[PDB]
């Protein structure tokens, strides 16, 4: 019935915020995700406005779309909070369309953030900064892994950056039918998501923490190329042939042998032999400390 659900959503007082406390703003992504101001999110501080992102359905959406948004909200409740993931902040579920209120990242996704900061052909990033960005993403993933969550689409596009340059993993709670994914469908930027997938996920559709580590390897490569496009110009069929032959991307120019070996370890052909996010956090912590910020 238009945008009204055939079913009705159960109340959850742990998370419910009155609709009139949410001042809706401009679109951020599509859909749909919109910037809003939330008044009195914290019940201790009722006079404060907090900038938040709000997920909601488009007028087109079906009961299945609603079901998927409810599922993401419920998984976010279960997973709990961490500094390096996008956290659930509240919901409006009653007497109107479902709003899922989550953290706002004012500097947008990591791919654009990195690209905007390439030297001109915007302040440049030091080696330490790039390695700290990798560190934070690995910490977010270590948390998610510890909570038994497999992301399935880890990539710079799904990492968001806050006003204080905190990296936050986004979209870890999405319901996806991996049988139905279009290998030829592209991101809005025109790149192919198959280029982040482990061979076992790609060929046999087996998704594991180990396949997420493969994706993290590609993400590391994205970071040290300042937002480079993996396997540029390569179509799906040729990607499959490259992976069956054991091809691996070349070492980026602005990158140490140790970090490249980390990337290659993430792309181990045998999944059991890849490092764990726990180990990656440990190795990256040591490297951050030993890497120069120039000065």
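Residue numbers count along the first chain shown, from 1. Superpose the two forms; the largest set of C-alphas matching within 1.5 Å is the rigid core.
Between stretches 89-97 and 210-218, more displaced by Cα RMS in 7 other deposited structures of this protein (rigid core superposition): Taking the RMS over all superposed structures in 7 other deposited structures of this protein, 89-97 lies farther out.
Between 192-200 and 145-153, report the one with more C-alpha displacement in 7 other deposited structures of this protein relative to this form after a rigid core superposition. It is 192-200 that deviates more in 7 other deposited structures of this protein.
Cross-entry absence of residue 31, a third or more of other PDB entries: Across the other compared entries, residue 31 is absent from at least a third.
Entries skipping residue 121: at least a third of other ones: Other entries vs residue 121: at least a third skip it.
Does the entry skip any residues of the deposited sequence between residue 121 and residue 122, and if so, is it 1 to 3, 4 to 9, or 10 or more, or none at all? Missing residues, residue 121 to residue 122: 10 or more.
Does the entry skip any residues of the deposited sequence between residue 63 and residue 64, and if so, is it 1 to 3, 4 to 9, or 10 or more, or none at all? The entry has no gap there; residue 63 and residue 64 are joined directly.
Which is higher in the entry, the mean Cα B factor of 44-52 or that of 261-269? If you average the C-alpha B-factors of 261-269 and of 44-52, the larger mean comes out for 44-52.
Averaging the C-alpha B factors as listed in the entry, name the stretch that ends up higher: 273-281 or 9-17. Per the PDB record, 9-17.
In terms of CA temperature factor as recorded, identify the highest of 246, 235, 230, 27. Comparing C-alpha B-factors across 246, 235, 230, 27, the top value belongs to 27.
Kindly indicate the residue among 200, 222, 103, 182 with the greatest C-alpha B-factor in the PDB record. Top of the list by C-alpha B-factor: 182.
Position of residue 111 among the chain's modelled residues by C-alpha B-factor, lowest, middle or highest third: Middle third of the chain for residue 111's C-alpha B-factor.
Residue 153 - which third its CA temperature factor falls in, relative to the rest of the chain: According to the entry, residue 153 has a C-alpha B-factor in the chain's middle third.
Pull the Cα B-factor of residue 77 out of the PDB entry and bin it into the chain's lowest, middle or highest third. Middle third, going by the recorded CA B-factors of the chain.
Divide the modelled residues of the chain into thirds by Cα B-factor and specify which third, lowest, middle or highest, holds residue 190. Tercile = highest for this residue's CA B-factor.
Residue 170 by Cα B-factor - lowest, middle or highest third of the modelled chain: Answer is lowest: the recorded C-alpha B-factor places it there.
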